[PDB]
Amino acid sequence: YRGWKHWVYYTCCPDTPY
Amino acid sequence: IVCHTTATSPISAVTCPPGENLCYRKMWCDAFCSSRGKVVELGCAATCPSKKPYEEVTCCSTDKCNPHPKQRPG
């Protein structure tokens, strides 16, 4: 069961600055 | 009442139709820090009669409550 998911979330660098 | 959704750099469908009062949004971090805590804000709820210390958010009744990231706030 490997995931290494990220605890909290993040603001900057969303994905639309594409 | 509106509340930038994520913001960060670009922008998305702002405005919060539900809960006509505050648009929530705060942060996480450990303590006062004021540097780390790379997290985000909630985003509208309904109200904030509460008043607890550490949580994640209280209320944002404005049109630009969404602050800046943790790493580089400005």
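Numbers in chain B come straight from Swiss-Prot, and the residues shown are 22-95, in order.
Every residue, even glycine, has its Cβ placed from backbone N, Cα and C.
If you check Swiss-Prot, you get these features:
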- B:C24-B:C44: disulfide bond (DISULFID)
- B:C37-B:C65: disulfide bond (DISULFID)
- B:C50-B:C54: disulfide bond (DISULFID)
- B:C69-B:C80: disulfide bond (DISULFID)
- B:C81-B:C86: disulfide bond (DISULFID)
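Mapped onto this structure are the features recorded in Swiss-Prot.
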{"residue": "B:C24", "record": "disulfide bond", "Cβ contacts under 8 Å, 6 or more apart": "B:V35, B:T36, B:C37, B:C44, B:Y45, B:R46, B:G64, B:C65, B:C81, B:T83, B:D84, B:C86, B:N87"}
{"residue": "B:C50", "record": "disulfide bond", "Cβ contacts under 8 Å, 6 or more apart": "B:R57, B:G58, B:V60, B:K91"}
{"residue": "B:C54", "record": "disulfide bond", "Cβ contacts under 8 Å, 6 or more apart": "B:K91"}
{"residue": "B:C69", "record": "disulfide bond", "Cβ contacts under 8 Å, 6 or more apart": "B:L43, B:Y45, B:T79, B:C80"}
Message: I'd like to know which of the disulfide-bonded residues B:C37, B:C65, B:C80, B:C81, B:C86 has the most other Cβ atoms within 10 Å of its Cβ.
response: B:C81
